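Input: a single structure, listed below in structure tokens.
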Amino acid sequence: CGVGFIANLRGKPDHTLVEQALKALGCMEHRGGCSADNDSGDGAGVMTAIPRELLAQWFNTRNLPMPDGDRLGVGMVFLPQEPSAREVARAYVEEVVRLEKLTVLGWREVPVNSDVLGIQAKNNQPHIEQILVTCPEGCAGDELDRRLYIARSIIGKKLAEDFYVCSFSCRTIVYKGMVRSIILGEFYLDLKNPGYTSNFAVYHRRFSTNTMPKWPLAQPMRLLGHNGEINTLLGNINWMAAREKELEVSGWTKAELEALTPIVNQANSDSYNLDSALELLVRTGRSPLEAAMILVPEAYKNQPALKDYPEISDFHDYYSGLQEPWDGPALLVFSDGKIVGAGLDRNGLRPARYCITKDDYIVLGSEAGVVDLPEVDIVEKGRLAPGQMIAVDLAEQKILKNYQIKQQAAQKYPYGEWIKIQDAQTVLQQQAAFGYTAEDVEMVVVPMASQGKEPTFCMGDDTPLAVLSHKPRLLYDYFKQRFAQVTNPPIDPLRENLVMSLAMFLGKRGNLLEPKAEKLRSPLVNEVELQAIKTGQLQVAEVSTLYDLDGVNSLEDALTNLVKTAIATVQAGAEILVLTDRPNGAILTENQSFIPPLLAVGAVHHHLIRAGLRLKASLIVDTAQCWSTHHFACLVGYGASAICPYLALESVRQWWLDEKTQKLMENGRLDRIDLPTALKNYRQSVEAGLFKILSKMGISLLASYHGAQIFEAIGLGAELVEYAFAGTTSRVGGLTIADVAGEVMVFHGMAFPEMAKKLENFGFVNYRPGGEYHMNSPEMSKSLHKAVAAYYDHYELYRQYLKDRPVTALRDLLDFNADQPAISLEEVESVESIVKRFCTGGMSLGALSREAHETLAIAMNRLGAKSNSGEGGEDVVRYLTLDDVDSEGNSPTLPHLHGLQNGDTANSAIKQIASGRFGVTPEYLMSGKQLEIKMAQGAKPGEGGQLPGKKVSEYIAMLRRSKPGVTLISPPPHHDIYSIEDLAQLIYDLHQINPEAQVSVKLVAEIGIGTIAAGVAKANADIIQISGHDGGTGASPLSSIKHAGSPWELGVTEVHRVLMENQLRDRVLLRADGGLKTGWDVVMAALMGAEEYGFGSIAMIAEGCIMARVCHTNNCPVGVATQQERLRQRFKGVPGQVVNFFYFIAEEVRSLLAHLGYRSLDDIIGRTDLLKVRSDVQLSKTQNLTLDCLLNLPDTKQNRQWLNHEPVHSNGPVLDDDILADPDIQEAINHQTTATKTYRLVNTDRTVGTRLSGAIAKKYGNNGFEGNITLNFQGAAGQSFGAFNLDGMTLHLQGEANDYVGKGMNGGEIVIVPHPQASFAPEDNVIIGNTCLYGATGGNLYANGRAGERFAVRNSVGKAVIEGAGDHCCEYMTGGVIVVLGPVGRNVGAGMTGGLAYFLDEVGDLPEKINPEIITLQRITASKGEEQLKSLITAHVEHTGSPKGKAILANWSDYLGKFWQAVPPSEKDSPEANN
Ligand SMILES: Cc1cc2nc3c(=O)[nH]c(=O)nc-3n(C[C@H](O)[C@H](O)[C@H](O)COP(=O)(O)O)c2cc1C
Ligand code: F3S
């Protein structure tokens, strides 16, 4: 989406504003989307004041007296086209308008020209009429909208695609619909009528993830246009929905409030819902500015900028207990008629640039150079930093964030005023019966307790799904975590922790509406906290989560009465219910079992809701059965306001308190551990885990996580889900209440009747002869390897292991149902032809040894398939095919490989672009036939790459241009992609730099990937890849291997279907990967939708992985996942070996095509009707599972056109295309040429320079060119200006640019300068946006002004001079020099690990802002640092004239005093931070 507003304070209404607003919609076109058509828009809209002039002619013609501004009031209605029905609908608007004591003066048909609509939109166009109304009583402004508010909500109860009120106010009106941005005025002709004038305009361009536009959904709503995604929707809705019967306000009637009956609704969009909510707040007596503050609170904790504003710290301090944030990215632009303003979500995940004139004319929007003011007369150019608002008020004043927020600081105050005022070893078998296992405590609780970090581990979740395994499992194991993908970003929980909180409010929430003067640091509560609170505000009935046998026969009953107990107790005034499995202190064999803490808090939390009661109490789960990081999150997830993990906590006591342990602590295990530390660590480790899981979905506050239900259940049947966990997706639908009962019986059996010695071990984490199955295991994989090494008896073996396999994945429930005769193997397409569909999967050169990695690439290339460079860059040297191979099978060019033919090439066909952009370099991008944007990997969806430091050798450091010692945790988001349009910006960046290369986007299965993919398809991707929760890593958290992600059978299926229904399926080829290792696997993914197939772990095995599962360790015994030379030298493994493995897999495929009866894999894809559910299988835990979700897909028998994709998607005609057209291909092919060119840039010119840079790079690579092209530019520059810029490529921007300047900058220079015609302070004025120098690898950028957030985010080696910046300066920085000549936001440190930064922060306050976790703040001491500073501070002035540059240069000796140098330890001892 594109949003913005325009306001005129110092004029009376004109048409030009409207003209300007329309224009700007136009300049937002790329931030929006189209439909099957490529013609109809995902929607465009504009909010203005009532064009009271234009409506003139209406009254005139009817000889009717026009009412006062304040007393007219206008509905824009959408009505059915069919005449009888239009009148049914008209008579109703009027009927209900009549029902408040208002009169109708009639109706204006709205002149429109349907002829410009695209076909889908036209087909679908409601009939549009404005109704004019008045109050005979003499109602006006506040009372009249307030009335019209009640009114549109009533009309809303009958809302349809055909029948919808856009707006109904005496102050504001909305013209919107399903048009492409510039068409908006062609359609509605009023907007081109000069009689249309407004003091403002809120405009919005929509981007939808579908193809099928519905007019009410276009969007400025009644109050706000909203660009972003609510990422805690289901929560926020659920809480509001519970406020709804108990709404109480200032005189507002219990009948009028009941009239907004349901003000919030699951079915509607995050925007409809937000607008609606925002409305309630406003109409009930707050100003849109304040309502937005309540609902999308700033991040106030730790904010240097709040020093002298303690009022507002108390505003959110207060509201924080009442209203949890509507989280996710968001630029909110809204109007009242009375006020127009904009404000950002807390993290500021959407750009907002604004401009002010001498006349206090203001323009805000997602992009800079958009409305075309006269530069000579601009007075500010700024931007909203995270949380900030800016408004305008009818009484002629602009209103910057500080007033603003104080203005609701000032009133209702009590703020800080009222806030102030507010033994044996039974342990061994409790453990056994609450379902702990040897691995749970040894491998999970213990590490948390000893090291204070949940455990790392490696490779992927090898084992069957809770519901399909035969081993007992927890109810928790059935919930997989959901995470953010293209549609919103994860946030960085370590580097950006300062924005989160695990606070949790214990009292009942009051009236949100009525600010009356009338808390838990973390969700985790220790025996102390527990009792403290059983003192507290109120008494707190325990409810026996427990229940005795026979009598109360069933868990069903116990559930029932729990709920009833719970309901009754809350009625009886109970304000907290501690749901204990430890009721009165004990847990017996005859206290025969429990209610699982999860199934309990769920039931209470929904049944309370169903009861009207949830706002009344808040809930503590007091449980043995919770210890896991995931466990807590499932609890806070389905309702727990907090958790006392009593028996977990105990297992730290029993562990520490034990000879074995104390002994090893006396020598061995770090005995830096009094029990107070084990304990403080156990929990501190749970906190890091809740942070992590939240950020996987980009959520800041546990407060938001809490309602929401950020999981996807897999294996729970419908009634169970409805009953306990209402509105969670469970598409496979398994378990019953009894079904779950039986399972808790399985581990109740074994602590009581049985013998309590040591808890059993099911090799869940790690292959064991006794225990849970594993698709891969060391013995199985040694025989596979020996098979391939030959060219037989092993596959009998290997194939055997494969047989004794139980049910594991969902594909295992399914068999085939050929619809044709079997066929001759000789008919079937060749092995060589299947192999082209195979892919080896982008495993990081870091993670694997180069022997292992280069091998896969040679082998993949041989097969005419492709291999993939994961996220660690590729060594240039591979880019060349090999001559040097000799008789022996070695090559001087790669002396460490073996068995190389003279035809070989180790260059990766796919080159990855991942969050850290480690090797991401112009030649890099040009070296690949395809480009992969890695949104997530299967082992760890909401998270970044990890590579522990052990593994970062000098080689790797050189490749990634990061520092040798140092661990690399890449950022969870691409700082580059905060929304789908953002995705579309990067796809376009890449199409731009190397037009020839198909761009894939790699997504992980989860409910919702379908919709996301529709977007990815609209965003111009060439390939989508679905990756199951299944797949491998060489380092991830154990929790995430085990608890984040969904089966790729759901991933592939859902994408394939949604893409088909949207008619986008042809736009994209699908890859799947996730524990595929078998011809059958391949065939099943083809039936399911996939056209290409990816192999990580088996390709590894085939080269000699055993399955040590020690990948994070750097010990692979086998030379595969280590950097250690010693170990690498042990790498047996030859391209031939994997070449063979894939032929095996192909041959295996051919024969399936034969049983089946088709010649070619091309014939089978998505032929889902060929699948049936298996006769054999029955599981231990449920009768069966519904598989509608994999069986029911678009019939593919005859429509197979979708299987034809264009060869590569185009960015279309681009300014570079021309740059590269004139006497320029001489300055290139004649290697040393000076060229100059100047052009005017408008902000649809995006990624300018980039293509020329690819073009140079494709022939000279990164540094072969000693020419010099100077490109000078004029105007406002769109996204990604001067991306991937190269040496002797100089870029002049006269004006301003937007986000991503110098993204991936490699070399050369980029100078950006105001237009001289300015009478403003460059220093004090924004000239560049967020995320500049993103993965900068070289180059120098110079910028006369302030810059956005994340400046130089993962800067590896680029240098820059700018004059001010937002937050997160230097975020993940790793090298280079960054010089900033003006103030800066907070987190100035985060993860910066190498390179130098110098600031100059005269307010003296810098060190308050700086991220203290790693960097250090020096004053300049080493003369060589001054020399470094000067040289840039000078070159800046040489490149610009920078008034601020010149000032400091002639006062070199003054300002130079305190003015900080940021040193990462790692730079401590260089010539420029010592001596
Ligand atoms: C050792 C190792 C390293 C990996 N590195 C990356 C990575 O760099 N980027 C990425 O997207 N996926 C990475 N993955 C995952 C693969 O790209 C692929 O999605 C996955 O291995 C498929 O799972 P599978 O092993 O079950 O076949 C890695 C997996 C492993 C085995
Ligand atoms: S599991 Fe990993 S540590 Fe080794 S044998 Fe395989 S590469």
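To be explicit about the labels: the chains of the structure tokens are called A, B, and onward in the order shown, and within each one the residues are counted from 1, while ligands get numbers from 1 in the order they are shown.
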
Neighbourhood of ligand 2 at 12 Å, counting only C-alpha atoms and all ligand atoms, reported as an mmCIF file with N, CA, C and O atoms, in the first residue's frame:
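Output file result-v8.cif is given in full below:
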data_model
loop_
_atom_site.group_PDB
_atom_site.id
_atom_site.type_symbol
_atom_site.label_atom_id
_atom_site.label_comp_id
_atom_site.auth_asym_id
_atom_site.auth_seq_id
_atom_site.Cartn_x
_atom_site.Cartn_y
_atom_site.Cartn_z
ATOM 1 N N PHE A 457 20.801 -27.008 18.338
ATOM 2 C CA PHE A 457 20.992 -28.333 17.752
ATOM 3 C C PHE A 457 21.008 -28.259 16.214
ATOM 4 O O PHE A 457 21.083 -27.169 15.666
ATOM 5 N N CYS A 458 20.970 -29.389 15.509
ATOM 6 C CA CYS A 458 21.237 -29.359 14.099
ATOM 7 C C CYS A 458 20.396 -30.362 13.394
ATOM 8 O O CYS A 458 19.718 -31.153 14.037
ATOM 9 N N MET A 459 20.432 -30.295 12.066
ATOM 10 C CA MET A 459 19.550 -31.030 11.170
ATOM 11 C C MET A 459 18.108 -30.839 11.582
ATOM 12 O O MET A 459 17.853 -30.151 12.548
ATOM 13 N N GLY A 460 17.167 -31.386 10.814
ATOM 14 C CA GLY A 460 15.779 -31.008 10.968
ATOM 15 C C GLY A 460 14.987 -32.007 11.740
ATOM 16 O O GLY A 460 15.451 -33.081 11.973
ATOM 17 N N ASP A 462 13.357 -34.798 12.338
ATOM 18 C CA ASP A 462 13.453 -36.031 11.605
ATOM 19 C C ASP A 462 12.268 -36.988 11.823
ATOM 20 O O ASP A 462 12.096 -37.949 11.070
ATOM 21 N N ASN A 766 17.589 -37.496 18.920
ATOM 22 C CA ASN A 766 18.777 -38.142 18.396
ATOM 23 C C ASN A 766 18.592 -39.628 18.216
ATOM 24 O O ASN A 766 18.191 -40.295 19.169
ATOM 25 N N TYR A 767 18.929 -40.160 17.039
ATOM 26 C CA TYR A 767 18.593 -41.558 16.770
ATOM 27 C C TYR A 767 19.102 -42.574 17.840
ATOM 28 O O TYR A 767 20.283 -42.556 18.217
ATOM 29 N N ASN A 776 16.253 -40.158 8.846
ATOM 30 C CA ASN A 776 17.688 -40.476 8.772
ATOM 31 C C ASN A 776 18.335 -40.809 10.101
ATOM 32 O O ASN A 776 17.981 -40.218 11.132
ATOM 33 N N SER A 777 19.318 -41.712 10.020
ATOM 34 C CA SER A 777 20.021 -42.322 11.124
ATOM 35 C C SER A 777 21.381 -42.828 10.592
ATOM 36 O O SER A 777 21.520 -43.120 9.395
ATOM 37 N N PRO A 778 22.387 -42.942 11.445
ATOM 38 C CA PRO A 778 23.751 -43.156 10.976
ATOM 39 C C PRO A 778 23.938 -44.447 10.162
ATOM 40 O O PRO A 778 24.715 -44.481 9.197
ATOM 41 N N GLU A 779 23.249 -45.510 10.544
ATOM 42 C CA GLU A 779 23.520 -46.802 9.906
ATOM 43 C C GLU A 779 22.915 -46.839 8.476
ATOM 44 O O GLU A 779 23.614 -47.107 7.473
ATOM 45 N N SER A 781 22.387 -44.317 6.675
ATOM 46 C CA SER A 781 23.083 -43.361 5.819
ATOM 47 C C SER A 781 24.500 -43.776 5.373
ATOM 48 O O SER A 781 24.988 -43.297 4.350
ATOM 49 N N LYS A 782 25.170 -44.618 6.165
ATOM 50 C CA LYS A 782 26.447 -45.236 5.779
ATOM 51 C C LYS A 782 26.203 -46.204 4.636
ATOM 52 O O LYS A 782 27.048 -46.351 3.760
ATOM 53 N N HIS A 785 25.506 -44.362 1.422
ATOM 54 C CA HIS A 785 26.723 -43.768 0.908
ATOM 55 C C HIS A 785 27.563 -44.821 0.150
ATOM 56 O O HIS A 785 28.181 -44.529 -0.886
ATOM 57 N N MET A 843 22.535 -24.752 1.083
ATOM 58 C CA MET A 843 23.264 -24.826 2.328
ATOM 59 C C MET A 843 24.559 -23.956 2.460
ATOM 60 O O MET A 843 25.453 -24.059 1.573
ATOM 61 N N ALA A 847 28.279 -23.081 6.717
ATOM 62 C CA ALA A 847 27.805 -24.252 7.413
ATOM 63 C C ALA A 847 28.465 -25.521 6.961
ATOM 64 O O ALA A 847 28.906 -26.295 7.791
ATOM 65 N N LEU A 848 28.453 -25.773 5.661
ATOM 66 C CA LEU A 848 29.195 -26.885 5.113
ATOM 67 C C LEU A 848 30.697 -26.551 4.843
ATOM 68 O O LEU A 848 31.088 -25.399 4.717
ATOM 69 N N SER A 849 31.553 -27.555 4.782
ATOM 70 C CA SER A 849 32.927 -27.321 4.381
ATOM 71 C C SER A 849 32.943 -26.914 2.897
ATOM 72 O O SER A 849 31.938 -27.167 2.186
ATOM 73 N N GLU A 851 34.678 -28.293 0.591
ATOM 74 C CA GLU A 851 34.725 -29.611 -0.049
ATOM 75 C C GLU A 851 33.328 -30.149 -0.222
ATOM 76 O O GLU A 851 33.000 -30.688 -1.263
ATOM 77 N N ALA A 852 32.502 -30.048 0.811
ATOM 78 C CA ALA A 852 31.170 -30.577 0.700
ATOM 79 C C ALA A 852 30.337 -29.748 -0.255
ATOM 80 O O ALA A 852 29.541 -30.288 -1.022
ATOM 81 N N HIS A 853 30.517 -28.433 -0.199
ATOM 82 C CA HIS A 853 29.701 -27.475 -0.935
ATOM 83 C C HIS A 853 30.119 -27.488 -2.432
ATOM 84 O O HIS A 853 29.270 -27.610 -3.325
ATOM 85 N N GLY A 1032 16.568 -29.390 7.103
ATOM 86 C CA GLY A 1032 17.815 -29.420 7.847
ATOM 87 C C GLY A 1032 18.398 -28.049 8.109
ATOM 88 O O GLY A 1032 17.951 -27.065 7.517
ATOM 89 N N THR A 1033 19.351 -27.976 9.030
ATOM 90 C CA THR A 1033 20.189 -26.796 9.285
ATOM 91 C C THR A 1033 21.448 -27.387 9.787
ATOM 92 O O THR A 1033 21.437 -28.494 10.343
ATOM 93 N N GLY A 1034 22.494 -26.580 9.723
ATOM 94 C CA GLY A 1034 23.674 -26.908 10.453
ATOM 95 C C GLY A 1034 23.802 -26.210 11.782
ATOM 96 O O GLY A 1034 24.939 -26.195 12.300
ATOM 97 N N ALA A 1035 22.689 -25.615 12.278
ATOM 98 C CA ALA A 1035 22.561 -24.919 13.572
ATOM 99 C C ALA A 1035 21.195 -24.257 13.611
ATOM 100 O O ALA A 1035 20.925 -23.424 12.774
ATOM 101 N N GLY A 1096 18.294 -31.232 0.670
ATOM 102 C CA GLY A 1096 19.428 -30.843 1.501
ATOM 103 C C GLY A 1096 20.070 -32.065 2.126
ATOM 104 O O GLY A 1096 21.111 -32.553 1.663
ATOM 105 N N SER A 1097 19.454 -32.613 3.175
ATOM 106 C CA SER A 1097 20.158 -33.635 3.971
ATOM 107 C C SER A 1097 20.589 -34.908 3.271
ATOM 108 O O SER A 1097 21.585 -35.484 3.637
ATOM 109 N N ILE A 1098 19.850 -35.360 2.275
ATOM 110 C CA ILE A 1098 20.248 -36.574 1.596
ATOM 111 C C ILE A 1098 21.423 -36.282 0.717
ATOM 112 O O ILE A 1098 22.347 -37.110 0.638
ATOM 113 N N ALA A 1099 21.434 -35.106 0.078
ATOM 114 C CA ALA A 1099 22.566 -34.780 -0.804
ATOM 115 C C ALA A 1099 23.831 -34.828 0.039
ATOM 116 O O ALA A 1099 24.888 -35.321 -0.400
ATOM 117 N N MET A 1100 23.677 -34.363 1.277
ATOM 118 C CA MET A 1100 24.726 -34.361 2.240
ATOM 119 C C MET A 1100 25.133 -35.807 2.499
ATOM 120 O O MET A 1100 26.289 -36.183 2.231
ATOM 121 N N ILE A 1101 24.185 -36.633 2.961
ATOM 122 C CA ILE A 1101 24.429 -38.064 3.236
ATOM 123 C C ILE A 1101 25.232 -38.600 2.060
ATOM 124 O O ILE A 1101 26.383 -38.897 2.210
ATOM 125 N N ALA A 1102 24.629 -38.656 0.883
ATOM 126 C CA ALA A 1102 25.288 -39.101 -0.325
ATOM 127 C C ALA A 1102 26.753 -38.714 -0.511
ATOM 128 O O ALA A 1102 27.499 -39.437 -1.214
ATOM 129 N N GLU A 1103 27.182 -37.590 0.065
ATOM 130 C CA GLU A 1103 28.599 -37.230 0.038
ATOM 131 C C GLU A 1103 29.336 -37.735 1.268
ATOM 132 O O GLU A 1103 30.490 -37.376 1.468
ATOM 133 N N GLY A 1104 28.664 -38.502 2.124
ATOM 134 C CA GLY A 1104 29.279 -39.059 3.310
ATOM 135 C C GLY A 1104 28.877 -38.460 4.641
ATOM 136 O O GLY A 1104 29.531 -38.739 5.631
ATOM 137 N N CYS A 1105 27.826 -37.642 4.720
ATOM 138 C CA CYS A 1105 27.259 -37.419 6.048
ATOM 139 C C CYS A 1105 27.010 -38.826 6.538
ATOM 140 O O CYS A 1105 26.572 -39.653 5.776
ATOM 141 N N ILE A 1106 27.397 -39.122 7.764
ATOM 142 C CA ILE A 1106 26.763 -40.186 8.537
ATOM 143 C C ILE A 1106 25.540 -39.502 9.118
ATOM 144 O O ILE A 1106 24.887 -38.744 8.442
ATOM 145 N N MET A 1107 25.222 -39.620 10.381
ATOM 146 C CA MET A 1107 24.391 -38.509 10.804
ATOM 147 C C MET A 1107 24.835 -38.144 12.172
ATOM 148 O O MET A 1107 24.098 -38.311 13.129
ATOM 149 N N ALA A 1108 26.085 -37.715 12.279
ATOM 150 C CA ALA A 1108 26.694 -37.437 13.583
ATOM 151 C C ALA A 1108 25.749 -36.544 14.405
ATOM 152 O O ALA A 1108 25.475 -36.842 15.539
ATOM 153 N N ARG A 1109 25.194 -35.524 13.751
ATOM 154 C CA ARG A 1109 24.283 -34.512 14.256
ATOM 155 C C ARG A 1109 25.027 -33.640 15.172
ATOM 156 O O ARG A 1109 24.670 -33.450 16.332
ATOM 157 N N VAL A 1110 26.097 -33.106 14.633
ATOM 158 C CA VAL A 1110 27.068 -32.387 15.413
ATOM 159 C C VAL A 1110 27.479 -31.204 14.558
ATOM 160 O O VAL A 1110 28.543 -30.630 14.738
ATOM 161 N N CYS A 1111 26.586 -30.837 13.644
ATOM 162 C CA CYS A 1111 26.846 -29.833 12.658
ATOM 163 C C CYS A 1111 27.123 -28.480 13.257
ATOM 164 O O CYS A 1111 28.042 -27.803 12.845
ATOM 165 N N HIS A 1112 26.358 -28.070 14.245
ATOM 166 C CA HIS A 1112 26.670 -26.798 14.890
ATOM 167 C C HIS A 1112 27.980 -26.780 15.563
ATOM 168 O O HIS A 1112 28.336 -25.789 16.138
ATOM 169 N N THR A 1113 28.669 -27.889 15.570
ATOM 170 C CA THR A 1113 29.752 -28.062 16.515
ATOM 171 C C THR A 1113 31.116 -27.752 15.954
ATOM 172 O O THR A 1113 32.079 -27.447 16.708
ATOM 173 N N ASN A 1114 31.182 -27.918 14.622
ATOM 174 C CA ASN A 1114 32.398 -27.863 13.879
ATOM 175 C C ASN A 1114 33.280 -29.132 14.082
ATOM 176 O O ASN A 1114 34.495 -29.150 13.793
ATOM 177 N N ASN A 1115 32.662 -30.215 14.541
ATOM 178 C CA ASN A 1115 33.347 -31.471 14.623
ATOM 179 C C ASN A 1115 33.004 -32.524 13.543
ATOM 180 O O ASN A 1115 33.423 -33.671 13.678
ATOM 181 N N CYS A 1116 32.247 -32.210 12.482
ATOM 182 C CA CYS A 1116 31.812 -33.316 11.645
ATOM 183 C C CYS A 1116 33.003 -34.202 11.501
ATOM 184 O O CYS A 1116 34.072 -33.729 11.192
ATOM 185 N N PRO A 1117 32.861 -35.474 11.787
ATOM 186 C CA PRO A 1117 33.951 -36.433 11.585
ATOM 187 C C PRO A 1117 34.229 -36.713 10.116
ATOM 188 O O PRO A 1117 35.054 -37.485 9.711
ATOM 189 N N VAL A 1118 33.486 -36.072 9.267
ATOM 190 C CA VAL A 1118 33.368 -36.618 7.957
ATOM 191 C C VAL A 1118 33.622 -35.565 6.869
ATOM 192 O O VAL A 1118 33.647 -35.880 5.666
ATOM 193 N N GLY A 1119 33.917 -34.344 7.327
ATOM 194 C CA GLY A 1119 34.535 -33.303 6.525
ATOM 195 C C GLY A 1119 33.490 -32.419 5.904
ATOM 196 O O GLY A 1119 33.800 -31.576 5.090
ATOM 197 N N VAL A 1120 32.249 -32.607 6.327
ATOM 198 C CA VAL A 1120 31.093 -32.082 5.632
ATOM 199 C C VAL A 1120 30.652 -30.726 6.188
ATOM 200 O O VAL A 1120 30.730 -29.709 5.485
ATOM 201 N N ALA A 1121 30.180 -30.726 7.440
ATOM 202 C CA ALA A 1121 29.759 -29.513 8.114
ATOM 203 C C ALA A 1121 30.815 -28.961 9.046
ATOM 204 O O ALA A 1121 30.454 -28.542 10.109
ATOM 205 N N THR A 1122 32.099 -28.976 8.694
ATOM 206 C CA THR A 1122 33.131 -28.315 9.510
ATOM 207 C C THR A 1122 33.936 -27.401 8.675
ATOM 208 O O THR A 1122 34.071 -27.586 7.468
ATOM 209 N N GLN A 1123 34.636 -26.521 9.365
ATOM 210 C CA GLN A 1123 35.684 -25.778 8.727
ATOM 211 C C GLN A 1123 37.039 -26.343 9.056
ATOM 212 O O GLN A 1123 37.998 -25.991 8.368
ATOM 213 N N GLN A 1124 37.136 -27.217 10.053
ATOM 214 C CA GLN A 1124 38.441 -27.680 10.500
ATOM 215 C C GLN A 1124 39.210 -28.373 9.388
ATOM 216 O O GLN A 1124 38.745 -29.351 8.823
ATOM 217 N N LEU A 1127 39.546 -32.131 9.702
ATOM 218 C CA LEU A 1127 38.340 -32.906 9.474
ATOM 219 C C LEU A 1127 38.008 -32.876 7.998
ATOM 220 O O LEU A 1127 37.637 -33.882 7.408
ATOM 221 N N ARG A 1128 38.175 -31.709 7.389
ATOM 222 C CA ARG A 1128 37.925 -31.555 5.964
ATOM 223 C C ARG A 1128 38.715 -32.549 5.154
ATOM 224 O O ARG A 1128 38.164 -33.192 4.284
ATOM 225 N N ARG A 1130 39.374 -35.349 5.788
ATOM 226 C CA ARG A 1130 38.745 -36.661 5.865
ATOM 227 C C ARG A 1130 37.545 -36.763 4.933
ATOM 228 O O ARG A 1130 36.919 -37.809 4.867
ATOM 229 N N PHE A 1131 37.179 -35.690 4.253
ATOM 230 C CA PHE A 1131 36.027 -35.748 3.365
ATOM 231 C C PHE A 1131 36.326 -36.678 2.202
ATOM 232 O O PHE A 1131 37.089 -36.339 1.307
ATOM 233 N N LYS A 1132 35.775 -37.884 2.282
ATOM 234 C CA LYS A 1132 35.573 -38.774 1.147
ATOM 235 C C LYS A 1132 34.381 -38.138 0.501
ATOM 236 O O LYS A 1132 33.706 -37.325 1.145
#

Query raised in the report: If we count only C-alpha atoms, what is near residue 1141 in chain A at a cut-off of 8 Å, once residues fewer than 3 positions away on the same chain are taken out, given as a ChimeraX atom specification?
Result: /A:788,1099,1102,1137-1138,1144-1145

Resulting file, chosen residues, N, CA and C atoms, as an mmCIF file, in the first residue's frame:
data_model
loop_
_atom_site.group_PDB
_atom_site.id
_atom_site.type_symbol
_atom_site.label_atom_id
_atom_site.label_comp_id
_atom_site.auth_asym_id
_atom_site.auth_seq_id
_atom_site.Cartn_x
_atom_site.Cartn_y
_atom_site.Cartn_z
ATOM 1 N N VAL A 788 26.094 -45.531 -3.500
ATOM 2 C CA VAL A 788 26.533 -44.539 -4.483
ATOM 3 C C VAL A 788 28.021 -44.603 -4.902
ATOM 4 N N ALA A 1099 21.434 -35.106 0.078
ATOM 5 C CA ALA A 1099 22.566 -34.780 -0.804
ATOM 6 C C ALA A 1099 23.831 -34.828 0.039
ATOM 7 N N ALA A 1102 24.629 -38.656 0.883
ATOM 8 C CA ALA A 1102 25.288 -39.101 -0.325
ATOM 9 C C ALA A 1102 26.753 -38.714 -0.511
ATOM 10 N N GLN A 1137 29.450 -39.339 -6.886
ATOM 11 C CA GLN A 1137 28.631 -39.996 -5.890
ATOM 12 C C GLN A 1137 27.264 -39.360 -5.853
ATOM 13 N N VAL A 1138 27.192 -38.038 -5.978
ATOM 14 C CA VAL A 1138 25.867 -37.485 -5.869
ATOM 15 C C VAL A 1138 25.197 -37.534 -7.213
ATOM 16 N N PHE A 1144 19.541 -42.616 -9.269
ATOM 17 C CA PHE A 1144 18.803 -43.598 -8.486
ATOM 18 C C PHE A 1144 17.413 -43.066 -8.246
ATOM 19 N N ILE A 1145 17.379 -41.835 -7.772
ATOM 20 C CA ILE A 1145 16.153 -41.190 -7.399
ATOM 21 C C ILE A 1145 15.268 -40.956 -8.620
#

Report task. Would you kindly return, as an MDAnalysis selection string, each protein, DNA or RNA residue with an atom no farther than 9 Å from any atom of residue 886 in chain A, considering only C-alpha atoms and excluding same-chain residues fewer than 4 positions away? Result -> chainID A and resid 890:891 900:902

Query raised in the report: Near residue 964 in chain A, within 10 Å and counting only C-alpha atoms, which residues show up once chain neighbours fewer than 2 positions away are dropped, as number ranges by chain?
Result: A: 949-958, 960-962, 966-967, 1466

Query raised in the report: Any idea what's packed within 12 Å of residue 374 in chain A, counting only C-alpha atoms, ignoring anything in its chain fewer than 3 positions away? Could you give it as number ranges by chain?
Result: A: 355-359, 361, 369, 371, 377-379, 1275, 1315, 1317-1319
